[PDB]
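[1] Compute the structure for the input listed below.
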Amino acid sequence: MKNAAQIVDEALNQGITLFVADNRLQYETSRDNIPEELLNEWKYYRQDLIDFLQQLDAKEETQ
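    Numbers count the residues shown, from 1 in each chain. Okay, here it is:
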């Protein structure tokens, strides 16, 4: 039981942010490369993430 917010907090600690674009999960980091484990972990909860990530960006939507 780990909500999107906690998943993003854990990633942020490593200098990597989770955002949404093109209706998919994306990541933004300052590292020279993102380790596979990080991707794999974020890939496991991508839909959990996206659900909250959409709102985190508060872009053009059906208001």
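[2] The residue nearest the centre of the chain: what's its closest spatial neighbour, skipping adjacent residues?
    Nearest to the geometric centre of the chain sits residue 18, at 2.6 Å (CA atoms, centre = their mean). Leaving aside its chain neighbours, residue 18 sits nearest to residue 8 (4.9 Å; criterion: CB to CB, 6 or more residues apart in numbering). C-beta here means a position set from N, CA and C on the backbone, and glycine is covered the same way.
[3] Neighbouring strands of the helix or strand harbouring the residue nearest to the centre of the chain in the sheet, and parallel or not?
    Following DSSP states H and E, one finds residue 18 within strand 16-21. Sheet pairing here is set by DSSP bridges, and for strand 16-21 it gives strand 24-29 (antiparallel).
[4] Which of the residues in the strand it pairs with are classified as buried?
    residue 25 (16 or more other CB atoms under 10 Å).
[5] Run through the helices of this structure in chain order.
    Applying DSSP state H to the chain gives helices spanning 4-12, 36-44, 46-57.
[6] Any idea which of those gets closest to residue 22?
    helix 46-57 (10.9 Å; CB to CB).
[7] Going by neighbour count, which residues of that closest one are buried?
    So, applying 16+ other CB under 10 Å, buried residues of helix 46-57: 46, 48-50, 53, 56.
[8] now it and helix 36-44, what's the angle there?
    On the basis of axes from the mean of the first three to the mean of the last three CA atoms, to 10 degrees, helix 46-57 is oriented at 80 degrees to helix 36-44.
[9] ok, and what's touching helix 46-57?
    2-5, 7-8, 18-20, 23-25, 42, 61 (CB atoms under 8 Å, 6 or more residues apart in numbering).
[10] Stretch 1-18 now?
    Counting by CB under 8 Å, 6+ apart, 25-31, 34, 38, 41-42, 45, 48-53, 56 sit against stretch 1-18.
[11] could you redo the last one with a cut-off of 10 Å?
    Stretch 1-18 is contacted from outside by 19, 25-31, 34-35, 38-39, 41-42, 44-56, using CB atoms under 10 Å, 6 or more residues apart in numbering.
[12] Only C-alpha atoms, please: export that stretch in PDB.
    Output in PDB follows, covering the C-alpha atoms of stretch 1-18 (Å, rounded to 0.1, in the frame of the first residue of the first chain):
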ATOM      1  CA  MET A   1       0.000   0.000   0.000                       C
ATOM      2  CA  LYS A   2       2.000   2.900  -1.400                       C
ATOM      3  CA  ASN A   3       0.300   5.900  -2.900                       C
ATOM      4  CA  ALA A   4       1.700   7.800  -5.900                       C
ATOM      5  CA  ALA A   5       2.800  10.700  -3.700                       C
ATOM      6  CA  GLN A   6       5.100   8.500  -1.600                       C
ATOM      7  CA  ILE A   7       6.500   6.900  -4.800                       C
ATOM      8  CA  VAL A   8       7.400  10.400  -6.200                       C
ATOM      9  CA  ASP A   9       8.900  11.400  -2.800                       C
ATOM     10  CA  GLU A  10      11.200   8.300  -2.800                       C
ATOM     11  CA  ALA A  11      12.400   9.100  -6.400                       C
ATOM     12  CA  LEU A  12      12.800  12.800  -5.700                       C
ATOM     13  CA  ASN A  13      15.400  11.800  -3.000                       C
ATOM     14  CA  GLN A  14      17.600  10.400  -5.800                       C
ATOM     15  CA  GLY A  15      17.200  13.600  -8.000                       C
ATOM     16  CA  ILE A  16      14.500  12.100 -10.300                       C
ATOM     17  CA  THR A  17      10.900  13.500 -10.700                       C
ATOM     18  CA  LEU A  18       7.800  11.700 -12.100                       C
END
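[13] Alright, that wraps it up for me.
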